[PDB]
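Written out below as structure tokens is the structure these notes cover.
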There are 2 protein chains.
Amino acid sequence: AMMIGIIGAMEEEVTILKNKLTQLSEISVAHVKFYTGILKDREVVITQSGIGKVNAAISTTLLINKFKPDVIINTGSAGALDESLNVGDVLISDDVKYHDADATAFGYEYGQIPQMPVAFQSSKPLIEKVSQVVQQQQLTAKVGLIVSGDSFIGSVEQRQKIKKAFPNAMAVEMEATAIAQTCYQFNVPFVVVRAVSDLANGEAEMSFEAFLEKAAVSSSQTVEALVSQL
Amino acid sequence: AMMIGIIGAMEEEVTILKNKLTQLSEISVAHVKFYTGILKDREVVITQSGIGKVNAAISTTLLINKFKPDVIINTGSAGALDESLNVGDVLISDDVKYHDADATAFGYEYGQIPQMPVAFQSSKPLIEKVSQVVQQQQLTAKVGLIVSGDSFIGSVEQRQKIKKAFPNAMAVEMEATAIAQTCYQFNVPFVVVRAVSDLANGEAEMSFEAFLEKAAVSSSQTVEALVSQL
Ligand SMILES: Nc1ncnc2c([C@@H]3O[C@H](CO)[C@@H](O)[C@H]3O)n[nH]c12
Ligand SMILES: Nc1ncnc2c([C@@H]3O[C@H](CO)[C@@H](O)[C@H]3O)n[nH]c12
């Protein structure tokens, strides 16, 4: 009837939710770790994907192909590009695009992979649902464009390059768009529910280390509450 | 006993080999097209992956997970970084690395994905074998480092950035390293056998259009001959 896939890159980003599962089983294929079980009376498969585009694509492709999920939720951290955001704030995806893909030589839009869409769209019913969830959890949050690349944005120079190219980008991280592209290829609805760990600036690396735990808590709290309503 | 996977991005890059198969069947999963059959008395599954890192990862992950290949060969075109190379020259991978992955903020080597290897290694027995093949086919060829990214290198500026970062890089293209990373995760031996379609410079886009057919012919001729010896 209903199966919910949850993907995060790092152990620290999936451990809270994993420890809340009942009926837990662990499965391993390639470097991907899957934890099947029940969360808030819902079937879920939590996936630790590894970092970056390819690890995310691999993980999402097995998750879909082995567990046939009805929806996929991507959690984890991200660097804030919107100056009004603070560490710990929840980030909800509305569209997602690559900020490091340049095939403009062929006439494609900057960020667009040849023969793919310029952007990928989160499921609108999921955006609406998690929007209700964050408010009732009284967790500061924001919905917006999230951009992905295979680089850690830890300098103002990198940050300005992205801001100039995607003025409306709200946050930046490494897997969301890869997961979204994979979901597009299999036509599976998705939504990203991450949290700010840093401001993607010259202190980003230090901030990331300082707030990794905080971000995992707010994003996990939101994901758990969202799952309970699906 | 022996199953050979062959991956290329574009229809034009896989059509020659596809039309040489006997026992042909076509299978479709997501946007991936698979053609199973026999080539030079060898079982093979030819895969049209689509362009870029994520499309390549998705395609390689199903190919491995659905067909259990013993070896994987990546074919297609690439831009030459070694000035001695000419369009149509065959390119054989020795290691492969991403030229656009920057997680140096955490202390990783430029081009290295967090918690992955700096590079991925082609199967040495495959390198040796295809080296014999290109000579006996009397096709100009070269073995070396190939670098990948989610961008088309069509300007001297982009080209210099790569050359400075990877002085020994021989060629650049979009999927090889993603395929290699996927093969690393499943521990499947691989080798890249592509051909020069352009010089990755200000004429790269035009050169690509002009020599796409030539590159498909030399790379396909080499792949077909290699398969016959495996
Ligand atoms: N400022 C930033 N830039 C890029 N990625 C991240 C991240 C996320 O945390 C990991 C950083 O390597 C990775 O999974 C990515 O998605 N947090 N902050 C980031
Ligand atoms: N100079 C160049 N830069 C990047 N990719 C390519 C290619 C390859 O051809 C496609 C160009 O979009 C893609 O599959 C890529 O792997 N040929 N020449 C290239």
Checklist line | Top-ranked residue of the stretch B:75-88 - restricted to ones that are away from every other protein chain (no Cβ under 14 Å) and buried (at least 24 other Cβ atoms within 10 Å of the Cβ), ranked as nearest to B:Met10 (Cα to Cα) | finding: B:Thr75
Check: Exactly one of (1) over 18 Å from B:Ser49 (Cβ atoms); (2) part of a strand (DSSP E or B); (3) of a type in the set (A, V, I, L, M); (4) near ligand 2 (Cβ under 10 Å from one of its atoms) is unmet by B:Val172. Its number?
Finding: (1)
Note to self: Being over 19 Å from B:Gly52 (Cα atoms) and either near ligand 2 (Cβ under 9 Å from one of its atoms) or part of a strand (DSSP E or B) (or both) is the filter here; which residues of the stretch B:153-168 pass it?
What the structure shows: none
Check: Say we look at the stretch A:90-112 and pick out the residues that are in contact (Cβ under 8 Å) with a residue 40 or more places away in the chain and surrounded by fewer than 22 Cβ atoms within 10 Å (Cβ to Cβ); which of these is nearest to the other protein chains (Cβ to nearest Cβ)?
Finding: A:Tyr110
Next item on the list: Collect the residues in the stretch A:24-33 that are over 27 Å from B:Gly149 (Cβ atoms) and either of a type outside the set (A, V, I, L, M, F, W, C) or away from chain B (no Cβ under 14 Å) (or both), keeping them in residue-number order.
Entry: A:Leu24, A:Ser25, A:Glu26, A:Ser28, A:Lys33
Check: Which residue out of A:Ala225, A:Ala200, A:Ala204, A:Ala215 is more than 15 Å from ligand 1 (Cβ to nearest atom) and farther than 19 Å from A:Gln121 by Cα?
Finding: A:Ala225
Notebook entry, point to check: If B:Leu212 passes every condition in (1) assigned to a helix (DSSP H, G or I); (2) more than 10 Å from ligand 2 (Cβ to nearest atom); (3) touching a helix residue (DSSP H, G or I) at 6+ places or on another chain (Cβ under 8 Å) but one, which one does it miss?
Noted result: (2)
Check: How many of the residues in the stretch B:98-152 are closer than 24 Å to B:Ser220 by Cα and either touching a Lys or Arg at 6+ places or on another chain (Cβ under 6 Å) or in a helix (DSSP H, G or I) (or both)?
Finding: 15
Checklist line | Looking only at the stretch A:34-63, and only at residues there that are in a strand (DSSP E or B) and either hydrophobic (A, V, I, L, M, F, W, C) or under 17 Å from the mean Cα position of the chain (by Cα) (or both), the one that is nearest to the other protein chains (Cβ to nearest Cβ) | finding: A:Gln48
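Among the residues of the stretch B:178-185, is any in a loop (DSSP other than H, G, I, E, B) and either more than 9 Å from ligand 2 (Cβ to nearest atom) or buried (at least 18 other Cβ atoms within 10 Å of the Cβ) (or both)? Outline the logic, then answer.
First pass over the stretch B:178-185, keeping only residues in a loop (DSSP other than H, G, I, E, B): none.
No - not one qualifying residue is present in the stretch B:178-185.
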Notebook entry, point to check: Residues B:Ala103, B:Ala119: which one is in contact with a strand residue (DSSP E or B) (Cβ under 7 Å, 6 or more places away or on another chain), more than 16 Å from ligand 2 (Cβ to nearest atom) and closer than 30 Å to A:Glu209 by Cα?
Noted result: B:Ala119
Next item on the list: Can you work out which of the residues in the stretch A:4-23 that are away from chain B (no Cβ under 14 Å) and exposed (fewer than 15 other Cβ atoms within 10 Å of the Cβ) is farthest from ligand 2 (Cβ to nearest atom)?
Entry: A:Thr22
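Search the stretch B:150-174 for residues being among the β-branched types (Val, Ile, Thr) and touching a residue at least 60 places away in the same chain (Cβ under 8 Å), and hand back the single one that is nearest to the other protein chains (Cβ to nearest Cβ).
B:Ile153
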Notebook entry, point to check: Only one of (1) crowded, with 23+ Cβ neighbours inside 10 Å; (2) farther than 24 Å from B:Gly154 by Cα; (3) more than 12 Å from ligand 2 (Cβ to nearest atom) is not met by B:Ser59, so which one is it?
Noted result: (3)
Next item on the list: Within the stretch A:113-149, track down each residue that is within 11 Å of chain B (Cβ to nearest Cβ) and either more than 14 Å from B:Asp150 (Cβ to Cβ) or over 16 Å from the mean Cα position of the chain (by Cα) (or both).
Entry: A:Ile113, A:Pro114, A:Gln115, A:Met116, A:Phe120
Check: If you go through the stretch B:67-74 one residue at a time, do you hit one that is closer than 20 Å to B:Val192 by Cβ, acidic (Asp, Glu) and either assigned to a strand (DSSP E or B) or more than 14 Å from chain A (Cβ to nearest Cβ) (or both)?
Finding: yes
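Only one residue in A:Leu24, A:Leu85 is assigned to a loop (DSSP other than H, G, I, E, B) and of a type in the set (A, V, I, L, M, F, W, C). Which one?
Within the list A:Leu24, A:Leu85, the selection yields A:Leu85.
No value in this document is a laboratory result; all are computed from the given coordinates. Backbone-built Cβ (ideal geometry, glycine too); neighbour counts: all protein chains shown.
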